[PDB]
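Visitor: To be precise about what I am sending: the file is called start-v5.txt and holds compact mmCIF, C-alpha atoms and all ligand atoms.
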# COMPACT_ATOMS: atom_id res chain seq x y z
CA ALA A 1 0.00 0.00 0.00
CA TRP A 2 2.94 2.41 0.20
CA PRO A 3 2.38 3.64 -3.41
CA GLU A 4 -1.00 5.03 -2.26
CA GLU A 5 0.49 7.09 0.59
CA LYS A 6 0.78 10.06 -1.78
CA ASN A 7 -3.06 10.16 -2.15
CA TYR A 8 -3.38 10.72 1.66
CA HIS A 9 -0.28 12.88 2.20
CA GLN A 10 -0.94 16.29 3.85
CA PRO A 11 1.18 19.40 4.16
CA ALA A 12 2.60 20.56 7.52
CA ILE A 13 1.63 24.21 7.13
CA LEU A 14 4.13 26.93 8.15
CA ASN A 15 3.00 29.58 10.68
CA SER A 16 3.76 33.32 10.25
CA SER A 17 7.07 33.40 11.88
CA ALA A 18 8.24 30.40 9.78
CA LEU A 19 7.02 32.10 6.65
CA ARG A 20 8.98 35.23 7.49
CA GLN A 21 12.09 33.21 8.01
CA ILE A 22 11.70 31.49 4.59
CA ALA A 23 11.13 34.83 2.90
CA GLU A 24 14.28 36.19 4.58
CA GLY A 25 16.27 33.04 3.80
CA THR A 26 16.31 33.30 -0.01
CA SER A 27 18.51 35.78 -1.92
CA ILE A 28 17.42 36.79 -5.39
CA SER A 29 20.72 38.65 -6.00
CA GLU A 30 22.82 35.64 -4.98
CA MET A 31 20.72 33.42 -7.22
CA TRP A 32 21.05 35.92 -10.05
CA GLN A 33 24.82 36.03 -9.90
CA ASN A 34 25.78 32.53 -8.79
CA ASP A 35 23.04 30.25 -10.15
CA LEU A 36 21.39 32.07 -13.08
CA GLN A 37 24.09 34.06 -14.93
CA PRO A 38 26.33 31.06 -15.83
CA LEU A 39 23.42 29.31 -17.49
CA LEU A 40 22.56 32.22 -19.71
CA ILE A 41 24.52 30.73 -22.66
CA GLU A 42 23.77 28.65 -25.71
CA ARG A 43 23.36 25.08 -24.29
CA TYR A 44 21.77 22.84 -26.93
CA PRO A 45 22.80 19.21 -26.84
CA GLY A 46 26.55 18.58 -27.50
CA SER A 47 27.37 22.28 -27.49
CA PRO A 48 30.15 23.58 -25.25
CA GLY A 49 27.42 25.19 -23.23
CA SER A 50 25.56 21.92 -22.64
CA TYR A 51 28.80 20.64 -21.01
CA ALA A 52 29.26 23.87 -19.08
CA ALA A 53 25.61 23.95 -17.97
CA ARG A 54 25.88 20.44 -16.71
CA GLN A 55 29.11 21.13 -14.75
CA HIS A 56 27.64 24.35 -13.29
CA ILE A 57 24.48 22.56 -11.98
CA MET A 58 26.53 19.69 -10.49
CA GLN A 59 29.14 21.96 -8.79
CA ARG A 60 26.44 24.13 -7.25
CA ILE A 61 24.72 21.12 -5.74
CA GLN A 62 28.01 19.61 -4.62
CA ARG A 63 28.94 22.55 -2.44
CA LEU A 64 25.87 22.18 -0.23
CA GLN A 65 25.77 20.32 3.07
CA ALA A 66 22.69 18.21 2.41
CA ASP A 67 23.47 14.68 1.31
CA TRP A 68 22.65 15.04 -2.36
CA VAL A 69 23.46 12.07 -4.58
CA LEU A 70 24.13 13.01 -8.19
CA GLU A 71 23.73 10.93 -11.28
CA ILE A 72 24.07 11.67 -14.94
CA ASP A 73 21.68 9.69 -17.07
CA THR A 74 23.50 9.77 -20.45
CA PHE A 75 22.18 8.14 -23.64
CA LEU A 76 22.34 8.48 -27.41
CA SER A 77 19.41 9.12 -29.68
CA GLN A 78 18.82 9.79 -33.31
CA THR A 79 17.63 13.32 -34.07
CA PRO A 80 16.89 15.29 -37.20
CA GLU A 81 20.52 16.42 -37.11
CA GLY A 82 21.90 12.92 -36.55
CA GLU A 83 22.86 10.96 -33.49
CA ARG A 84 23.30 13.06 -30.34
CA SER A 85 24.20 12.47 -26.76
CA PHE A 86 21.87 13.61 -24.02
CA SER A 87 22.41 13.80 -20.27
CA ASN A 88 19.70 14.22 -17.65
CA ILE A 89 20.91 15.39 -14.29
CA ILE A 90 19.24 13.71 -11.30
CA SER A 91 20.00 15.03 -7.84
CA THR A 92 18.49 12.97 -5.00
CA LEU A 93 18.21 13.14 -1.19
CA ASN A 94 17.78 9.66 0.36
CA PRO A 95 17.76 7.61 -2.81
CA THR A 96 16.43 4.53 -1.11
CA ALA A 97 13.43 6.28 0.42
CA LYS A 98 10.42 4.78 -1.25
CA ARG A 99 8.84 8.19 -2.00
CA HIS A 100 10.09 11.49 -3.40
CA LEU A 101 8.67 14.81 -4.16
CA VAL A 102 10.30 15.68 -7.52
CA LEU A 103 10.98 19.12 -8.87
CA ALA A 104 12.09 19.47 -12.44
CA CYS A 105 12.87 21.65 -15.39
CA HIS A 106 14.80 21.40 -18.66
CA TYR A 107 18.40 22.71 -18.90
CA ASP A 108 18.94 22.56 -22.64
CA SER A 109 18.24 25.65 -24.77
CA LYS A 110 16.52 25.47 -28.12
CA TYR A 111 18.81 25.61 -31.15
CA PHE A 112 18.54 28.71 -33.36
CA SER A 113 20.88 29.95 -36.06
CA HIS A 114 22.25 33.32 -35.03
CA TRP A 115 20.07 36.38 -35.95
CA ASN A 116 22.10 39.61 -36.16
CA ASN A 117 24.90 39.20 -33.58
CA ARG A 118 22.37 37.43 -31.23
CA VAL A 119 22.02 33.98 -29.80
CA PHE A 120 19.12 32.28 -28.05
CA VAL A 121 19.73 31.61 -24.36
CA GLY A 122 16.18 30.66 -23.17
CA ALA A 123 16.25 32.85 -20.10
CA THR A 124 12.67 31.85 -19.06
CA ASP A 125 13.05 28.66 -21.03
CA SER A 126 14.39 27.40 -18.75
CA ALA A 127 17.44 28.99 -17.24
CA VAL A 128 15.39 30.70 -14.62
CA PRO A 129 13.64 27.42 -13.62
CA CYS A 130 17.10 25.84 -13.22
CA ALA A 131 18.37 28.71 -11.14
CA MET A 132 15.23 28.57 -8.93
CA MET A 133 15.81 24.90 -8.24
CA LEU A 134 19.46 25.60 -7.35
CA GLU A 135 18.47 28.54 -5.08
CA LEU A 136 15.87 26.31 -3.46
CA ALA A 137 18.49 23.72 -2.71
CA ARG A 138 20.80 26.36 -1.23
CA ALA A 139 18.20 28.30 0.71
CA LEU A 140 16.77 25.15 2.32
CA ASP A 141 20.11 23.41 2.85
CA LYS A 142 20.06 23.33 6.67
CA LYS A 143 16.46 22.05 6.72
CA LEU A 144 17.15 19.47 4.00
CA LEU A 145 20.26 18.29 5.83
CA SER A 146 17.93 17.07 8.57
CA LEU A 147 16.57 14.46 6.21
CA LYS A 148 19.98 12.75 6.53
CA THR A 149 18.77 11.87 10.03
CA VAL A 150 16.77 8.65 10.06
CA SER A 151 13.65 8.57 12.32
CA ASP A 152 10.71 6.32 13.37
CA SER A 153 8.28 9.27 13.29
CA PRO A 154 7.17 9.17 6.30
CA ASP A 155 9.59 7.49 4.08
CA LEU A 156 9.76 10.56 1.88
CA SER A 157 12.43 12.87 0.57
CA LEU A 158 13.30 15.22 -2.34
CA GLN A 159 14.63 14.81 -5.86
CA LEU A 160 15.56 17.30 -8.51
CA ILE A 161 15.57 16.52 -12.24
CA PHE A 162 17.15 18.72 -14.85
CA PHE A 163 16.09 17.22 -18.18
CA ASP A 164 18.27 17.47 -21.30
CA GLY A 165 16.79 17.66 -24.78
CA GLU A 166 13.31 18.98 -23.98
CA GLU A 167 13.38 21.11 -27.16
CA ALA A 168 12.70 20.06 -30.71
CA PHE A 169 15.72 20.34 -33.04
CA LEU A 170 13.59 21.19 -36.04
CA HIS A 171 9.84 21.01 -35.62
CA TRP A 172 8.04 19.76 -32.48
CA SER A 173 6.72 16.28 -32.93
CA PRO A 174 6.50 13.06 -30.82
CA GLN A 175 9.86 11.98 -32.08
CA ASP A 176 11.75 15.45 -32.21
CA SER A 177 11.13 16.72 -28.54
CA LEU A 178 11.30 15.49 -24.94
CA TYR A 179 14.34 13.28 -25.59
CA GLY A 180 15.60 13.37 -21.98
CA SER A 181 12.15 12.98 -20.35
CA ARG A 182 10.94 10.19 -22.63
CA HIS A 183 14.14 8.33 -21.87
CA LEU A 184 14.12 8.80 -18.11
CA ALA A 185 10.44 8.01 -17.69
CA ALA A 186 10.92 4.78 -19.60
CA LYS A 187 13.95 3.83 -17.48
CA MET A 188 12.22 4.63 -14.21
CA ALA A 189 9.17 2.66 -15.28
CA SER A 190 11.38 -0.43 -15.80
CA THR A 191 13.43 -0.05 -12.57
CA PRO A 192 12.37 -1.72 -9.33
CA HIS A 193 11.85 0.57 -6.34
CA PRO A 194 12.74 0.10 -3.60
CA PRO A 195 15.60 -2.20 -4.68
CA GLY A 196 14.49 -5.79 -4.44
CA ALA A 197 10.78 -5.03 -4.54
CA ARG A 198 8.19 -6.88 -6.59
CA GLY A 199 5.75 -4.96 -8.78
CA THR A 200 6.74 -1.42 -7.79
CA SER A 201 8.96 0.84 -9.94
CA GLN A 202 10.67 4.18 -9.52
CA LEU A 203 7.57 5.74 -11.00
CA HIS A 204 5.45 4.50 -8.10
CA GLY A 205 8.02 6.34 -5.96
CA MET A 206 7.18 9.70 -7.49
CA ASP A 207 4.68 11.41 -5.16
CA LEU A 208 4.24 14.38 -7.42
CA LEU A 209 6.29 15.90 -10.29
CA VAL A 210 6.47 19.70 -10.01
CA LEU A 211 7.62 20.82 -13.40
CA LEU A 212 8.76 24.36 -13.84
CA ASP A 213 8.88 25.86 -17.32
CA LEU A 214 8.78 29.33 -18.88
CA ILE A 215 9.26 31.20 -15.60
CA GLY A 216 10.68 34.75 -15.29
CA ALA A 217 8.46 37.09 -17.24
CA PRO A 218 6.41 39.71 -15.24
CA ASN A 219 2.79 39.00 -14.28
CA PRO A 220 2.68 35.32 -15.10
CA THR A 221 -0.64 33.47 -14.76
CA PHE A 222 -0.68 29.69 -14.06
CA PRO A 223 -3.84 27.67 -14.72
CA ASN A 224 -4.67 24.79 -12.40
CA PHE A 225 -4.21 22.16 -15.05
CA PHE A 226 -5.04 18.79 -13.48
CA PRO A 227 -7.77 17.56 -11.08
CA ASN A 228 -5.40 14.99 -9.53
CA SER A 229 -2.97 17.70 -8.39
CA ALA A 230 -5.61 20.45 -7.79
CA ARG A 231 -5.34 20.19 -3.99
CA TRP A 232 -1.56 20.91 -4.24
CA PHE A 233 -2.10 23.77 -6.71
CA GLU A 234 -4.58 25.15 -4.17
CA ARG A 235 -1.81 25.07 -1.56
CA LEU A 236 0.26 27.26 -3.87
CA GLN A 237 -2.60 29.75 -4.09
CA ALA A 238 -2.89 29.83 -0.35
CA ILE A 239 0.84 30.23 0.21
CA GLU A 240 0.89 33.11 -2.27
CA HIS A 241 -2.11 34.68 -0.55
CA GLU A 242 -0.55 34.34 2.85
CA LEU A 243 2.87 35.65 1.89
CA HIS A 244 1.11 38.62 0.23
CA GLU A 245 -0.94 39.40 3.36
CA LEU A 246 2.11 39.22 5.60
CA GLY A 247 3.93 41.78 3.42
CA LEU A 248 6.55 39.20 2.39
CA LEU A 249 6.15 39.58 -1.41
CA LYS A 250 7.42 42.45 -3.54
CA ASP A 251 5.58 44.47 -6.20
CA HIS A 252 2.65 42.00 -5.82
CA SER A 253 -1.03 42.75 -5.72
CA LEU A 254 -4.02 40.42 -5.21
CA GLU A 255 -5.33 41.46 -8.61
CA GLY A 256 -1.93 40.46 -10.15
CA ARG A 257 -1.69 37.13 -8.31
CA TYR A 258 0.01 34.27 -10.15
CA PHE A 259 -1.92 31.10 -9.25
CA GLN A 260 -5.32 31.02 -10.91
CA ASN A 261 -8.66 29.27 -10.21
CA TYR A 262 -9.28 28.32 -13.83
CA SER A 263 -7.97 25.43 -15.88
CA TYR A 264 -6.81 25.30 -19.57
CA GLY A 265 -8.71 24.12 -22.65
CA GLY A 266 -6.13 21.99 -24.42
CA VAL A 267 -3.05 19.88 -23.61
CA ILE A 268 0.42 21.42 -23.29
CA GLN A 269 3.31 19.14 -24.37
CA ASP A 270 6.35 19.23 -22.07
CA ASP A 271 8.69 17.01 -19.99
CA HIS A 272 5.83 15.83 -17.73
CA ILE A 273 4.02 13.99 -20.55
CA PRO A 274 5.90 10.67 -20.39
CA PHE A 275 5.35 10.62 -16.63
CA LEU A 276 1.70 11.77 -16.73
CA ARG A 277 0.78 9.13 -19.33
CA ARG A 278 2.16 6.47 -16.97
CA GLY A 279 0.04 7.73 -14.07
CA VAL A 280 2.44 10.06 -12.16
CA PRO A 281 0.60 13.07 -10.68
CA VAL A 282 1.91 16.33 -12.11
CA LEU A 283 1.86 19.97 -11.00
CA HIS A 284 2.84 21.81 -14.19
CA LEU A 285 4.03 25.28 -13.32
CA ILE A 286 4.05 26.71 -16.85
CA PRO A 287 2.03 29.88 -17.49
CA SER A 288 -0.80 30.56 -19.89
CA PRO A 289 -0.18 32.73 -21.76
CA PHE A 290 3.43 31.84 -22.42
CA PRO A 291 5.90 34.75 -22.00
CA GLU A 292 5.62 37.31 -24.84
CA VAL A 293 9.27 36.62 -25.55
CA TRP A 294 8.77 32.86 -25.97
CA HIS A 295 11.15 31.34 -28.58
CA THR A 296 12.48 34.75 -29.56
CA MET A 297 16.02 36.19 -29.14
CA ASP A 298 14.28 38.52 -26.69
CA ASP A 299 13.99 35.64 -24.16
CA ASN A 300 16.87 37.11 -22.35
CA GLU A 301 18.10 38.55 -19.04
CA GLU A 302 16.87 42.10 -19.74
CA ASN A 303 13.29 40.84 -20.06
CA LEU A 304 13.25 38.92 -16.78
CA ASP A 305 11.47 40.38 -13.75
CA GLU A 306 13.50 40.09 -10.55
CA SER A 307 10.56 40.59 -8.13
CA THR A 308 8.42 37.98 -9.83
CA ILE A 309 11.17 35.34 -9.61
CA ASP A 310 12.00 36.26 -6.00
CA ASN A 311 8.29 35.92 -5.13
CA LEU A 312 7.95 32.59 -6.85
CA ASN A 313 11.12 31.37 -5.08
CA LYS A 314 9.50 32.13 -1.73
CA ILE A 315 6.25 30.39 -2.63
CA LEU A 316 8.03 27.27 -4.05
CA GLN A 317 10.34 26.99 -1.00
CA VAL A 318 7.42 27.20 1.36
CA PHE A 319 5.52 24.55 -0.68
CA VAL A 320 8.46 22.17 -0.55
CA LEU A 321 9.01 22.54 3.18
CA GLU A 322 5.34 22.04 3.87
CA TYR A 323 5.19 18.95 1.64
CA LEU A 324 8.26 17.45 3.39
CA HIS A 325 7.20 18.48 6.87
CA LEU A 326 10.31 20.56 7.49
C1 LIG A 401 2.90 30.86 -27.39
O1 LIG A 401 1.90 30.07 -26.70
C2 LIG A 401 1.77 28.71 -26.87
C3 LIG A 401 2.38 27.95 -27.86
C4 LIG A 401 2.14 26.58 -27.93
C5 LIG A 401 1.32 25.97 -26.97
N1 LIG A 401 1.08 24.65 -27.01
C6 LIG A 401 2.01 23.70 -26.71
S1 LIG A 401 1.63 22.01 -26.91
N2 LIG A 401 3.27 24.08 -26.38
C7 LIG A 401 4.33 23.13 -26.01
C8 LIG A 401 5.53 23.97 -25.64
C9 LIG A 401 6.73 23.04 -25.40
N3 LIG A 401 7.85 23.96 -24.83
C10 LIG A 401 7.99 24.40 -23.57
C11 LIG A 401 9.02 25.20 -23.52
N4 LIG A 401 9.56 25.31 -24.77
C12 LIG A 401 8.77 24.55 -25.56
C13 LIG A 401 0.68 26.75 -25.99
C14 LIG A 401 0.90 28.12 -25.92
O2 LIG A 401 0.40 28.98 -24.98
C15 LIG A 401 -0.50 28.36 -24.05
CL CL A 402 -2.91 31.67 -23.95
ZN ZN A 403 11.13 26.29 -25.40
Would you mind giving the structure from this file in structure tokens?
Ligand SMILES: COc1ccc(NC(=S)NCCCn2ccnc2)cc1OC
Ligand SMILES: [Cl-]
Ligand SMILES: [Zn+2]

Guide:
Amino acid sequence: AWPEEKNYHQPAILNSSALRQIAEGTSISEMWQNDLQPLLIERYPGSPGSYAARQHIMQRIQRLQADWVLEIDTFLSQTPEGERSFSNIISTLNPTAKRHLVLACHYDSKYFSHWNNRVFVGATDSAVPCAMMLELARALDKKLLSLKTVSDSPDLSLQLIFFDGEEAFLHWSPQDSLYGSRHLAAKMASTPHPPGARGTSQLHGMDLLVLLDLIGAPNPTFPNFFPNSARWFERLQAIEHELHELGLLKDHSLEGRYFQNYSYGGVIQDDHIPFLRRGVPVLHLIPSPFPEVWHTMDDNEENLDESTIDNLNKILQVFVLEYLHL
């Protein structure tokens, strides 16, 4: 019955003083300089930047005190440009814990031939989501380090996934997109979890996949996409509302709130799809509408909004602590 524990799992909700501490514990300027700026480079698969992006994400995780276990899931696949190597980065606390909350984004940038003297760096898409995950790891390090301590009083921890090869090379289709995610979901589906078990796979182990994409533009609006994760999306609305009311958000009004009551009339393709189709519950933190700059050379650092990202960092960090009971 352990694979059903996720259906009954409740948050341990932070009080006001805890919320203030979380809000004070994250640094948007430190993220900007140390986590975000190095990723703002061309990083399509096999490019020098793909290698540098990968190294940057690993080193940043390595310096932290929490007991993160890193693994590079490297594979080859045919593409419209010929065979390419892809590498998902998986960073895991407590890898033998039966359950994990999983946060994810893609670290590859879409390939574009250079227009004027300009290159596409996918600032919202998804360098900012990567940086937010790294800042989350750093900001919560002391709290996460406590998961190293084994206790009677759930068998639940945290995993981060930075997918390679989310983007189409040429034209989005089932076969030219989601190379990293289709590979990893397939592997996890085939892999026993916990080790030695019968029946259960690493996908049963995924409580919830929180997939960040297209984050960093001002005034984003996120639909509540899926009934099976609606209660968790509702927690994000309430965290946002509470942080607002306590004066812990910046340049944020109730009218301009991010997390919306409405859903979306269509299906958005992204890295969650190969997990969702195999039954994993997904919280897809991608906005509708997409950033105005989407898939334009304008998806760049100048067009990011610092306050928005700092606000969303606070809300995500609170969510994660509440989910993990920390
Ligand atoms: C410009 O607005 C949109 C364009 C297309 C879609 N539909 C789909 S299926 N998009 C999949 C995007 C995959 N991806 C994510 C990041 N980089 C690429 C929805 C849009 O606004 C709701
Ligand atoms: Cl739209
Ligand atoms: Zn994209």

Visitor: Using only C-alpha atoms and all ligand atoms, tabulate the residues of chain A lying at most 8 Å from any atom of ligand CL 402 (chain A), each with its closest atom pair and that distance in Å to one decimal, by chain and increasing residue number, as JSON lines.

Guide:
{"residue": "A:288", "atom": "CA", "partner": "A:CL402", "partner_atom": "CL", "distance": 4.7}
{"residue": "A:289", "atom": "CA", "partner": "A:CL402", "partner_atom": "CL", "distance": 3.7}
{"residue": "A:290", "atom": "CA", "partner": "A:CL402", "partner_atom": "CL", "distance": 6.5}

Visitor: What are the closest atom pairs, with distances in Å to one decimal, for each residue of chain A lying within 12 Å of ligand ZN 403 (chain A), using all atoms listed in the file, rows by chain and rising residue number, as JSON lines?

Guide:
{"residue": "A:44", "atom": "CA", "partner": "A:ZN403", "partner_atom": "ZN", "distance": 11.3}
{"residue": "A:105", "atom": "CA", "partner": "A:ZN403", "partner_atom": "ZN", "distance": 11.2}
{"residue": "A:106", "atom": "CA", "partner": "A:ZN403", "partner_atom": "ZN", "distance": 9.1}
{"residue": "A:107", "atom": "CA", "partner": "A:ZN403", "partner_atom": "ZN", "distance": 10.4}
{"residue": "A:108", "atom": "CA", "partner": "A:ZN403", "partner_atom": "ZN", "distance": 9.1}
{"residue": "A:109", "atom": "CA", "partner": "A:ZN403", "partner_atom": "ZN", "distance": 7.2}
{"residue": "A:110", "atom": "CA", "partner": "A:ZN403", "partner_atom": "ZN", "distance": 6.1}
{"residue": "A:111", "atom": "CA", "partner": "A:ZN403", "partner_atom": "ZN", "distance": 9.6}
{"residue": "A:112", "atom": "CA", "partner": "A:ZN403", "partner_atom": "ZN", "distance": 11.1}
{"residue": "A:120", "atom": "CA", "partner": "A:ZN403", "partner_atom": "ZN", "distance": 10.3}
{"residue": "A:121", "atom": "CA", "partner": "A:ZN403", "partner_atom": "ZN", "distance": 10.2}
{"residue": "A:122", "atom": "CA", "partner": "A:ZN403", "partner_atom": "ZN", "distance": 7.0}
{"residue": "A:123", "atom": "CA", "partner": "A:ZN403", "partner_atom": "ZN", "distance": 9.9}
{"residue": "A:124", "atom": "CA", "partner": "A:ZN403", "partner_atom": "ZN", "distance": 8.6}
{"residue": "A:125", "atom": "CA", "partner": "A:ZN403", "partner_atom": "ZN", "distance": 5.3}
{"residue": "A:126", "atom": "CA", "partner": "A:ZN403", "partner_atom": "ZN", "distance": 7.5}
{"residue": "A:127", "atom": "CA", "partner": "A:ZN403", "partner_atom": "ZN", "distance": 10.7}
{"residue": "A:165", "atom": "CA", "partner": "A:ZN403", "partner_atom": "ZN", "distance": 10.3}
{"residue": "A:166", "atom": "CA", "partner": "A:ZN403", "partner_atom": "ZN", "distance": 7.8}
{"residue": "A:167", "atom": "CA", "partner": "A:ZN403", "partner_atom": "ZN", "distance": 5.9}
{"residue": "A:168", "atom": "CA", "partner": "A:ZN403", "partner_atom": "ZN", "distance": 8.3}
{"residue": "A:169", "atom": "CA", "partner": "A:ZN403", "partner_atom": "ZN", "distance": 10.7}
{"residue": "A:171", "atom": "CA", "partner": "A:ZN403", "partner_atom": "ZN", "distance": 11.6}
{"residue": "A:172", "atom": "CA", "partner": "A:ZN403", "partner_atom": "ZN", "distance": 10.1}
{"residue": "A:177", "atom": "CA", "partner": "A:ZN403", "partner_atom": "ZN", "distance": 10.1}
{"residue": "A:178", "atom": "CA", "partner": "A:ZN403", "partner_atom": "ZN", "distance": 10.8}
{"residue": "A:212", "atom": "CA", "partner": "A:ZN403", "partner_atom": "ZN", "distance": 12.0}
{"residue": "A:213", "atom": "CA", "partner": "A:ZN403", "partner_atom": "ZN", "distance": 8.4}
{"residue": "A:214", "atom": "CA", "partner": "A:ZN403", "partner_atom": "ZN", "distance": 7.6}
{"residue": "A:215", "atom": "CA", "partner": "A:ZN403", "partner_atom": "ZN", "distance": 11.1}
{"residue": "A:268", "atom": "CA", "partner": "A:ZN403", "partner_atom": "ZN", "distance": 12.0}
{"residue": "A:269", "atom": "CA", "partner": "A:ZN403", "partner_atom": "ZN", "distance": 10.6}
{"residue": "A:270", "atom": "CA", "partner": "A:ZN403", "partner_atom": "ZN", "distance": 9.2}
{"residue": "A:271", "atom": "CA", "partner": "A:ZN403", "partner_atom": "ZN", "distance": 11.0}
{"residue": "A:286", "atom": "CA", "partner": "A:ZN403", "partner_atom": "ZN", "distance": 11.1}
{"residue": "A:290", "atom": "CA", "partner": "A:ZN403", "partner_atom": "ZN", "distance": 9.9}
{"residue": "A:291", "atom": "CA", "partner": "A:ZN403", "partner_atom": "ZN", "distance": 10.5}
{"residue": "A:293", "atom": "CA", "partner": "A:ZN403", "partner_atom": "ZN", "distance": 10.5}
{"residue": "A:294", "atom": "CA", "partner": "A:ZN403", "partner_atom": "ZN", "distance": 7.0}
{"residue": "A:295", "atom": "CA", "partner": "A:ZN403", "partner_atom": "ZN", "distance": 6.0}
{"residue": "A:296", "atom": "CA", "partner": "A:ZN403", "partner_atom": "ZN", "distance": 9.5}
{"residue": "A:297", "atom": "CA", "partner": "A:ZN403", "partner_atom": "ZN", "distance": 11.7}
{"residue": "A:299", "atom": "CA", "partner": "A:ZN403", "partner_atom": "ZN", "distance": 9.9}

Visitor: How many Å lie between CA of residue 161 (chain A) and CA of residue 89 (chain A), rounded to one decimal?

Guide: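 These two atoms are separated by 5.8 Å.
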
Visitor: Mind checking which residues fall within 10 Å of residue 93 (chain A), counting all atoms listed in the file, ignoring those fewer than 5 positions away in the same chain, and posting them as an MDAnalysis selection string?

Guide: chainID A and resid 66:70 100 144:145 147:148 156:160

Visitor: Could you please give me, as a list in words, the residues of protein, DNA or RNA lying at most 10 Å from (11.2, 44.5, -13.7) in the coordinate frame of the file, considering only C-alpha atoms?

Guide: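 Those residues lying close to the given coordinates are residues 216, 217, 218, 251, 302, 303, 304, 305, 306, 307 and 308 of chain A.
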
Visitor: For CA of residue 139 (chain A) and CA of residue 61 (chain A), determine how far apart the two atoms are, in Å to one decimal place.

Guide: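 Rounded to one decimal, the two atoms are 11.6 Å apart.
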
Visitor: Using only C-alpha atoms, determine which residues lie at most 9 Å from residue 36 (chain A), disregarding the query and same-chain residues fewer than 2 positions distant; provide the list as a list in words.

Guide: residues 30, 31, 32, 33, 34, 38, 39, 40, 123, 127, 128, 130, 131, 132 and 134 of chain A

Visitor: Interatomic distance between CA of residue 174 (chain A) and CA of residue 77 (chain A)?

Guide: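 These two atoms are separated by 13.5 Å.
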
Visitor: Pick from A:12, A:298, A:163, A:170: nearest to residue 119 (chain A), with only C-alpha atoms counted?

Guide: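 The closest residue to residue 119 (chain A) is A:298.
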
Visitor: Let me make sure I understand: among A:317, A:55, A:263, A:78, which one has the smallest atom-to-atom distance to ligand LIG 401 (chain A) if we use all atoms listed in the file?

Guide: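 Checking each candidate against ligand LIG 401 (chain A), we get A:263 as the closest.
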